[PDB]
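Shown next as structure tokens: one chain only, the form solved without the named molecule.
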């Protein structure tokens, strides 16, 4: 059985208990913490691409009111985010299972951009998601996995100083 696990859930959980925030910029900003995933039960000889996208966790815009995050009243449909391809892709099952798969180079932006960067809607809450795509075989297959622990609100600057402090403490 193909097993997907979050590396450093310990640390992600400290961020989640405060409501995590991730900065988005015109040119794109790298994530901290970085999403790192442990995968077992791949065919070491089969070929795979690792894909990352972000699900809008609810249909609302969020605002930091009186030191607390609160959702707007006016939900809108949240279109699916674009997918980021892990730059090691495509690669053998053995490659992926030999060390945690680290999405260290994805950049989150608030603007439609050339390439690479993933555009998110500021003040929307997101749940990171990966897709493991078996490629090069005749039989294409996709396994998807969500990481609730890694939820965050996309922000142009930090609202909760407790997040600012944690970001610096563990970087």
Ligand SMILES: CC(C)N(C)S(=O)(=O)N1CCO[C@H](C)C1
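Residues that one form lacks are left out of the comparison. Residue numbers count along the first chain shown, from 1. So that the term is clear: the rigid core is the largest set of C-alpha atoms that superpose within 1.5 Å between two forms.
Below: the form solved in complex with the named molecule, not depicted.
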Within a 4.5 Å heavy atom cut-off, is residue 57 in contact with the named molecule in the entry with it bound? no
Verify the contact flag for residue 134: yes if a non-hydrogen atom of it lies within 4.5 Å of a non-hydrogen atom of the named molecule in the entry with it bound, no if not. yes
Consider residue 26 of the chain shown here, and say whether it contacts the named molecule in the entry with it bound, taking contact as heavy atoms within 4.5 Å. no
Just checking whether residue 140 would be counted as a contact of the named molecule in the entry with it bound - the rule being heavy atoms within 4.5 angstroms. yes
In the entry with it bound, which residues of 76 to 100 put a heavy atom within 4.5 Å of the named molecule? none
Relative to the superposed core, which single residue of 44, 67, 136, 116 shows a CA shift of 2 Å or more between the shown form and the other one? 136
In terms of 2 Å or greater CA shifts after rigid core superposition, the runs of three or more consecutive residues between the shown form and the other one are 136 to 139
